[PDB]
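Take a look at this single chain, the form deposited in one PDB entry, given in structure tokens.
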């Protein structure tokens, strides 16, 4: 299954590698690089899962209330022959009524971009209906992996959505629960 392989590669090649050290990288940022007068970055990696697989490269293009602020400390390591491969994450501010209502580590799940592009390339033999069903299967498999995964211990939140709708608000709703 396309989505089954994609869900497992996202855990094996990314989540299980960065989640153990995520809270440490955030506490490091909150103490030494975060502006002294600002709210602390929240402790979890928030992952956006648009089921229509529309994954823009700039998050501020999906909502103007979502604005880039800073990058976490970079995590590097040797991986499949690549020396010091860089895993980077970005901190965003979420604006409500124009003012900062919260800060969090936010990104899209990249494998959804793969399902999108696969639906566009003829040689992939992958229809736009395949995409919606595989997008849902990808998220189910992922939350099933992370439930049993030892690396996910209150440090990761999946935010699936389908499109009116405000992404900045959908994130803030999860953020306000904690």
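Each form is matched to the other, and the largest set of C-alpha atoms that superpose within 1.5 Å is called the rigid core. Residue numbers count along the first chain shown, from 1.
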Missing coords for residue 71 in a third or more of other PDB entries: no
No coordinates for residue 30 in a third or more of the other PDB entries: no
Stretch with the higher entry mean CA B-factor, where the candidates are 114 to 122 and 36 to 44: 36 to 44
Looking at the deposited entry, does 104 to 112 or 67 to 75 carry the larger mean Cα B-factor? 67 to 75
Based on what the PDB entry reports, which of 12, 158, 167, 19 has the top C-alpha B-factor? 167
Can you tell me which third, lowest, middle or highest, the CA B-factor of residue 60 falls into for its chain? highest
For the chain shown, is the CA B-factor of residue 31 in the lowest, middle or highest third of its modelled residues? highest
For the chain shown, is the CA B-factor of residue 175 in the lowest, middle or highest third of its modelled residues? middle
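The form deposited in another entry exists for this protein as well; it is not shown, and the discussion that follows is about that form.
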Using a core superposition, identify the member of 33, 46, 68, 116 whose Cα displacement between this form and the one not shown reaches 2 Å or more. 33
Does the distance between the two CA positions of residue 125 reach 2 Å or more between this form and the one not shown, the core being superposed? yes
If the C-alpha spacing of residue 61 and residue 35 moves by 3 Å or more in the other entry, is that a move closer or farther apart? farther
Can you tell whether residue 33 sits closer to or farther from residue 101 in the other entry than it does here, judged by CA atoms, where the change is 3 Å or more? closer
